[PDB]
Every structure is written in structure tokens, then in C-alpha cells.
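Here we start with a single chain on its own, the form solved without its partner chain, put down as C-alpha cells.
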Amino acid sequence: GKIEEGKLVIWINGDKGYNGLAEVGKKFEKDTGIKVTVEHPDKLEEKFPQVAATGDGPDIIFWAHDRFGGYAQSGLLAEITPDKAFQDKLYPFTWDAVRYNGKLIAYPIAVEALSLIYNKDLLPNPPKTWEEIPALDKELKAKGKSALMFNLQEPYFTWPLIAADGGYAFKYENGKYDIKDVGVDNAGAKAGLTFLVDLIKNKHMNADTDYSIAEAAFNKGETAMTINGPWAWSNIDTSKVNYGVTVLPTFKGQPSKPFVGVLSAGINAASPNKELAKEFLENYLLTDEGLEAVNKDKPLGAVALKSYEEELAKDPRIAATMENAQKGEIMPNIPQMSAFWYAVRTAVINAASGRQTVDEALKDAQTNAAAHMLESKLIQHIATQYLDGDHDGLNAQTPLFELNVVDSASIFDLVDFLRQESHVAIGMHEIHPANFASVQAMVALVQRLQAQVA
């Protein structure tokens, strides 16, 4: 076939320990005689679907799990077959991240999540609850320093508190994310966003803190704690700060829920070398020896193999990562997450500013999530149906009456698509060029009509 039999080719990104991985390949070669090539090509996460669709590419590819949903949707990744006793060797929740439509489609390797990062000097015993930070802020403000500063512009950093009492992005019970059940306006999320908003109202945080500003104030020793991930550690190090990394505070007695990214190894569905790859992944890479080789090349962080995690979890920073990850929520591997992110970004910006109540901000977030998803559905519809499949520059703001889309009769087809997908009636008097000026305009129409009916 297009892939060479009796060999392993592996793609992993350049920032990873590939020299370590190669050394594992050389151990595998020593025992089986099978050679193992480890490559780090540019944009390999875009090449891979393109070469795998044709029946080519690496035997094994490494990437964070969320990308593997689209590869699975396209059928590009073999269903892996670990036995129950091998699965038992990894933290159970890492297996949730490599499931797709009820099949296992990759092996979990390593795991990444936010933690609380604190100044041992200014705060030698960090707080365990959100509820005690307003106090610790006063008694700390009274000496020219603040308690907590972290990036409030990006929902990645604020969602752990918001989800703590019950918010969620997309519900999945069947190993299947339900993209119409979006858990952004429920009792939990309101409790937690209210608390984030009451911190800003009460002078404990500032609504315009972003990533660079929080990272600067903490490395300058001007604040006791920030929220960040293992990527920020080396900057703290260079800093001379006396820093620790621990459990995220609880809210309403419940753990904060950061999103978890899970670095995974999947097997090319087009590879003839499936059992060679499983043998290499279970019996050579996913062992204390395999993982240490890679980890001593470039650190992996908190790893999914229980035995080797207990070793590296001696580093209490790394113990923090895994702990917050276990208490968190797996990043959904579907495309509609970009709709969640957009909806949550706006909702939190507007609530923090006082522009919107927490209530109206989160009900909008439900509305904007649905709007953003129709937009994607409508762009793809137009691309497939009137543009011979060319997603070229066609975005929500593109003038349709310019493009060769709205025919004499095709307008009726667009209207009825809007009807089929939103279950709202569209009268003749709404079929005019301001409503059909762009995809954005078409979606605004649908949501104005739904708002009118309710």
C-alpha cells in the first residue's frame, strides 16, 4: 500500500521530546528489528488529514486530543483496542478524551490544566476557597499588594469558577456531545459569574486584567496569586519569585473545573502496521521507561500512566496539574466549541463591565452560541451549494448579493433553509436585501423572529 509495512513512522510536533521518542524507537528496534522514524514536519496537524485522506501519512501521530475529533469524524484514526487491564493503567478520565462516537481513537499520553500559582513569600498558606479571597484581599491591600490577578479577557481562564457549581459547555452522556444542550445559563454558571462580578465590583480585581498584565504583576511580586498553566512556569522562574502551584480554590464548596487538554497518540486508519503501533505504544512508550526518556527530552507535565505519574507527581506543581485536571472537564473535541468560546467570551466581558446583568449576559450566551453555529452551518451550505464547495474567504460578513449566490429562484431556497434550521416562519416581507445582505444579516433575522415570537 501507500504506507510501508514492517515499520513505524511517527509524527510529533517540534516542541515535544522527539529525541526522547526516537530513543524509545531505538529500544523497540533493538527487540523487534523494526525501525522507528520520528518526524516533526511543519503544520503536521494540517498535513495529516490531507495525506491520510489519500491512504498515506505516518503510522502514528501525536497531538492534543481536541484535534482528534475532526480526524475521527473523517474516519482517519483506527479504533484502538487496549485490553481492560491496560486501560486500568491510565487515569480513567484520560480515556474520555480519546473517545469518539463510542470508539477509542487514540492513547492518552499527557494532560494539561490550569492551577493556582501563589507567592510563598507573600502568602505561605494559600486559600482553599473562593469565598475567602475578598478578605485576604483587604488584609493584603492594606500593605500595598493585591491577592489575586489573572486573565479575565479569555473565557479559558474564567470558566473554572463559572463551571464549578454546574456550568458546562456541551453535555455528553452517550460519549456524544449534544450541541443543542449548552450549559451556560443555569443556576451554577450564574452563581459563579456573579462571584467573579462581585470581585470586580468590590475592588478585588480589575475588569481589564489580561494575560500579560497578570503574568507581569505576579512576576513583579505585586500580587499573591494568579491562574495559569505549565507554559507560564519558566517565566516565573526567570523571575526570582518564590512561587508554588496548587489546587484551584473551591466555590460553594465545589472544585473549580478547568478545561483539560490531553496529548494523545492516534494510529492512521490507513496504516497496515496497526499491531506494531499498539505494541510500541502500550509496551514501549506508555511505560515508566518510555515516558521518562521523552520527559527528559522535554517535560510532558502530568502524564496519564498512573505508575509514572506517581513518580513525577513528587513535584507538587505537577501534582497540582493532575489534581485540577481530575476535578475539571475534558475539552470537547467538536467544532461547535468555537461557538461556545465566542458566546462565553462576550458574556463575561459584558457581565464584568456591568453592561449586562449576569442573568441577561448568560441568556445571551445561549443565544449567541446558537447564532454562531447557524452561521457556520449557513456558510458551509452556501459554499457547497452555490460555490462548488469553495470555502474561500466566504465569512459571515461577506456580501451575498455581490457573490453569485442569490438567483431569481435561489432566494427561495435560502429562505427555506433558514426555516428548516430555526423552526421560525419567514414571511414574504422579510425577503429583502437588508436581511439577506450577508450570513450575519440572515442569522440576525432568524433570532429577531424567534425573539418576536417569544
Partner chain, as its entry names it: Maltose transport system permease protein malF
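Numbering follows the first chain given and starts at 1. Take the two forms, find the largest set of C-alpha atoms that superpose within 1.5 Å, and that set is the rigid core.
The same protein has a further form, the form solved in complex with its partner chain, not shown here; the description that follows concerns it.
Interface residues of 280 to 299, taken as those with a heavy atom within 4.5 Å of its partner chain in the entry with it bound (partner not displayed): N283, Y284, in sequence order. Only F280, out of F280, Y118, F150, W159, shows a C-alpha shift of 2 Å or more between the shown form and the other one on alignment of the rigid core.
With the core superposed, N324 shows a C-alpha displacement below 2 Å between the shown form and the other one. Core-aligned CA deviation for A78 between the shown form and the other one: 2 Å or greater. Relative to the superposed rigid core, the position of the CA of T94 differs between the shown form and the other one by less than 2 Å.
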